[PDB]
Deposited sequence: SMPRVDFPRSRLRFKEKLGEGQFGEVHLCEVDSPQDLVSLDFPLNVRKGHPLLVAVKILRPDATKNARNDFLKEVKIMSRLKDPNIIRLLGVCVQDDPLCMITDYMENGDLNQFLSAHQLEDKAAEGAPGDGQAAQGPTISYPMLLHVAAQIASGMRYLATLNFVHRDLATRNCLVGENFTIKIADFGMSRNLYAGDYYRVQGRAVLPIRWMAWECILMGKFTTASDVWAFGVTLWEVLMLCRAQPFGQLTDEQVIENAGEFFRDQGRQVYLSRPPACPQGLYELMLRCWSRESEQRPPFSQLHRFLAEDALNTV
């Protein structure tokens, strides 16, 4: 827990960014942020330009369980300090409504960003795609070593900062744009390892599987939904085929930009056995070294 609340009186409402069962996320401008610049709030103020933040707000009539989960997220976010994980800027928890505040990325989520680019034969290069993926692996290494499981890794849950910096986040199913990526609890089945779908087992190994699918998205420049040839019920059936291990399971195809070795990395992320999936330390090393060294 942060020692002092961010002053709610400085948050100027701009836009509603999303909603869920227990609250909303708003885009706010911080009024006169130079007044707040301190050790507690080391805000990056650009004179002449508004300071924008995302604010997650718990409904004041939230249940006890909803409130506890919100405070659990506060506690988790207060620990996360890595260049490739979204940073908590402040909280409002002394009074209702409870709030968490992070930076707002004008470049949007990584899906939005890659969707707006084309592959260099605006453009983005294959080496930059590897850098994006390496950053995600590095953030995931950090999370896993702190004994967190993400459970919803995908390009839609990564934010694009300045100079191609990628921040892993977790927004939940709070945005209409990605409703088709979730199956009705509400689950991102196309990113989920077979054991998640069949047994509800979520682990770092299943985060690795999701990382494989996220890497696939990146190399596809977010042009195709994973398993777009399959209905939701068929995706669940595909998980059964991984369980069966009789060679009928469908794997995502190799993207045109993806060399065979990188594709085989992805296939290893989709190993039937968790213990055969590469750790994030290895995924990062492969992307930052092996793949980048073989352009």
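Missing from the model relative to the deposited sequence are positions 1, 123 to 137, 201 to 204 (no C-alpha coordinates, numbering from 1).
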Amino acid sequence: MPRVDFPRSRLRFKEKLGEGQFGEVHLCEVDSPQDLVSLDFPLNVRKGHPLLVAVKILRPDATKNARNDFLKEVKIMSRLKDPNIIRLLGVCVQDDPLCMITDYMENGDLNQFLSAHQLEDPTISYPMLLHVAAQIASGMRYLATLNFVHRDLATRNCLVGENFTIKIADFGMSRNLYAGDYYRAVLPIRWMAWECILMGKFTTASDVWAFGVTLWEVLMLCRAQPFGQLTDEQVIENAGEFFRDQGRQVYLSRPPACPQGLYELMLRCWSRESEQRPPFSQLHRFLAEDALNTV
From here on, numbers count along this sequence of modelled residues.
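Here the rigid core means the biggest group of C-alpha atoms that line up within 1.5 Å when the two forms are laid on top of each other.
Rigid core superposition in 9 other deposited structures of this protein puts the Cα atoms of one stretch, out of 129 to 137 and 81 to 89, farther from the shown form on average, and that stretch is 81 to 89. The segment moving more, judged by mean Cα distance from this form in 9 other deposited structures of this protein after a core overlay, is 90 to 98 among 90 to 98 and 138 to 146. In the other compared entries of this protein that model both flanking residues, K56 has coordinates in every one, well short of a third left out. In every other compared PDB entry of this protein that covers both flanking sides, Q249 is modelled, so it falls short of the one-third threshold for missing coordinates. The question of which stretch, 255 to 263 or 62 to 70, has the higher mean Cα B factor is settled in favour of 62 to 70. Set 131 to 139 against 196 to 204 and average the Cα temperature factors; 196 to 204 ends up higher. When the Cα B-factors of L27, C269, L51, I57 are read from the PDB record, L51 comes out highest. Ranking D82, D121, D170, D109 by Cα temperature factor from the entry places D121 first. Per the deposited record, the Cα B-factor of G212 falls in the lowest third when ranked against the other modelled residues of its chain. Placement of the Cα temperature factor of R87 within the chain: middle third of the modelled residues, per the deposited record.
When the modelled residues of the chain are ordered by their C-alpha B factor, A291 lands in the lowest third.
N157 sits in the lowest third of its chain by CA B factor, as recorded in the PDB entry. Sort the chain's modelled residues by C-alpha temperature factor and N176 lands in the highest third, per the entry.
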